[PDB]
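What follows is one chain in structure tokens, specifically the form deposited in one PDB entry.
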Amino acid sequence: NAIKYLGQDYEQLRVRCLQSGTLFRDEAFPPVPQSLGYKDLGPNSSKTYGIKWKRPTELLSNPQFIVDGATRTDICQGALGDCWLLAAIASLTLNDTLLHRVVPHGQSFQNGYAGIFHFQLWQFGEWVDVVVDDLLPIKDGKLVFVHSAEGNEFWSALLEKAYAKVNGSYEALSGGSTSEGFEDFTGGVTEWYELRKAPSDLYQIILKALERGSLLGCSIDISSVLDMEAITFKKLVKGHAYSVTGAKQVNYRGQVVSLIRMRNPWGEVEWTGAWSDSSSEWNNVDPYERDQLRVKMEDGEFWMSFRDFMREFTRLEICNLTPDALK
């Protein structure tokens, strides 16, 4: 069903390379300075100091495409300002059907390997199949850009490369809107909410949207350019895309408290207030709810009360696949 981006035929290219005993080299997006960028990542930029291009099979003994599932902990931002895109990838992982379309799971660095991978993207109103070779930007032996918490897992590095490819360069991804990423992974359409002027049933809207596999993100407005990427006292990040990854009501101090879970695509730096990983609120919830919801791990993911979320965050976006035809 997906059309072939630039006519490149993943399976025909793979089979040819396997037959000729060679590794795929992508003519359409070569491992050259212009694929990194033009200005901040351009040929004469100090920020490209030391960057080389290496396949995962040139880096480690047993590179893997997917380890323990393709999940949101596999999305840890690198040195590129594509937080909006990475938040969208992390949200995508919660919708198992769309995840398996965007990320074809039958790819490997072992059996069948020819140095070529492919992904599906929604582009200009249609699904397209995008190939990449697996040369990736490396500095000091590590991925420069997105990487997994598992150092030998490469699906998200390669998906980010495919998204750079359709944009012409990695630097073209620097600075953006989460809604673009949401839509390019789902074919859905984004609704935007100003949390100061939110409907009274917003929490129920969020619950139903997560349940149906929509993709959700949130952010804190900046007051000025100097506010960009500022870290607040309670370790939220301003001007920065977060994934909304969960929502649950718990019984707490005789009331029902609505909680919301979100993930910083840095994979680190989390809220320190109520419902944070080591907060004392967890001592007064049910032991089963505490076990189900709370994970003490610096992974970028944490809970907040909905009250605090509405106090600290400024906007929420919800990308629904079929917003006029729900269940």
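The first residue of the shown sequence is 1; numbering continues from there. Each form is matched to the other, and the largest set of C-alpha atoms that superpose within 1.5 Å is called the rigid core. Only residues modelled in both forms are compared.
Heads up, the form deposited in another entry isn't pictured, but that's what we're talking about next.
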| property | result |
| --- | --- |
| Shifted position (C-alpha, 2 Å or more, core held fixed) between this form and the one not shown, chosen from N167, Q249, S177, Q123 | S177 |
| Shift of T73 between this form and the one not shown at or above 2 Å (CA, core fit) | no |
| Cα displacement of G187 between this form and the one not shown reaching 2 Å, rigid core superposed | yes |
| In that other deposited form, whether the C-alpha atoms of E183 and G175 sit closer or farther than here (change of 3 Å or more) | closer |
| Cα-Cα shift for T97 and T178, closer or farther in that other deposited form, minimum 3 Å | farther |
| Core-referenced shifts between this form and the one not shown - contiguous stretches of at least three, CA at least 2 Å | 176-189, 223-225 |
